[PDB]
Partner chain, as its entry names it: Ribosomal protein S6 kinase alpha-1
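Given as structure tokens, the chain that follows is alone and in the form deposited without the partner chain.
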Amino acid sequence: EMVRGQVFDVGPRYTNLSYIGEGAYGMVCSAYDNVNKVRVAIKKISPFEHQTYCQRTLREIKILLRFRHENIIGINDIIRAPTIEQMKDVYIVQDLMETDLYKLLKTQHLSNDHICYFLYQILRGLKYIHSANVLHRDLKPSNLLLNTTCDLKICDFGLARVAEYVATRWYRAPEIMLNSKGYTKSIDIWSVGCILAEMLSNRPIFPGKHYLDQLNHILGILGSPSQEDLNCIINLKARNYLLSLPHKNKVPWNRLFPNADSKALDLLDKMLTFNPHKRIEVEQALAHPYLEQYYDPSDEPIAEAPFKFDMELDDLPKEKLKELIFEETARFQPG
């Protein structure tokens, strides 16, 4: 009934609730599933007052129900009020993972073997997403769930789009910088690159007090971009800043990561290129020598049918969004 003083009405199927995490994606608890005799994850969402949350909620539900892949979190069950009027909250039931990459990298050290396997699962999952004509747009360590068996799943597709206020900027590609457009598939690639770098050193590769500071860190490592690579268009200010800077020298990757696999550093390099047009794509990344021990196209499935929202969710008012959410969740009701 209650968790930390907040209502969490998911019984009678789900009991023994234990609080695990808050977030912009809702309140997350673990719980014992009486039916499947296993502990699960349940996410409570209360999105119906803000058109934004209703969008994020609908995208998440719709995406994860259509998606089916080993390295992508699924939805076991959705609990909500039997009538649309009473529906204030929505509980999404998902597989309970032991941790996320953010919590792991905070305190634990990864060997190359783990890093290589984690990265493989990331890209394998990302290939499926991209084949679905979908951008994740928010890849970060906290969105990568893990088991002790080292199985990994990508989660939180609340900000996904078909191929604005920002929280964390550490994993955003330089071209999106400031509050700009999440446009190409290459932005996810950049995010994976940043995630790889963090796996190698247990620290954010590109931190910054503001986006100019962040950009400076990026040039501090990659070095000054060529005029051709200076396709920073989505801001006069950001572009004029870069043009003013003195030349900056590229730091050799092995100088930053002296204990890293050379192949890992080579692939890291192709992911973290300033020019998005020059970045390696997911299928070519899976075919990189660093991942050759796991590489197998026949075992790297694509989406059975690409995505295309039948209506512009941004244009829909919150009341109709609520209707579509109600309809989408119907199949988890009796009948």
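Residue numbers count along the first chain shown, from 1. Think of the rigid core as the biggest set of C-alphas that the two forms share within 1.5 Å after superposition.
Omitted from view is the form solved in complex with the partner chain, to which the following refers.
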item	value
Contact of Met27 with the partner chain in the deposited complex (heavy atom, 4.5 Å)	yes
Residue contact check: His210 to the partner chain in the deposited complex, 4.5 Å heavy atom	yes
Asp266, heavy atom within 4.5 angstroms of the partner chain in the deposited complex	no
Residue contact check: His114 to the partner chain in the deposited complex, 4.5 Å heavy atom	yes
The single option of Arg66, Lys278, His50, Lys308 touching the partner chain in the deposited complex, heavy atom within 4.5 Å	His50
Among the candidates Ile234, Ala260, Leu230, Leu104, the residue which, in the deposited complex, approaches the partner chain to within 4.5 Å (heavy atoms)	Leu104
One stretch from 75-83, 175-183, 188-196, 127-135 that, in the deposited complex, holds residues within 4.5 Å of the partner chain by heavy atom	175-183
Residues of 276-307 having any heavy atom within 4.5 Å of the partner chain in the deposited complex, listed in sequence order	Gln293, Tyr294, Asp296, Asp299, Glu300
Flagged residue of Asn231, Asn76, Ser131, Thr184 - C-alpha shift reaching 2 Å or more between the shown form and the other one, core superposed	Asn231
Yes/no, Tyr241 Cα shift of 2 Å or more between the shown form and the other one with rigid core fixed	yes
Closer or farther in the deposited complex, the Cα atoms of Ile234 and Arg137, when the shift from this form is 3 Å or more	farther
Pairwise C-alpha change, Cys232 versus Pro204, in the deposited complex against this form - closer or farther, 3 angstroms or more	farther
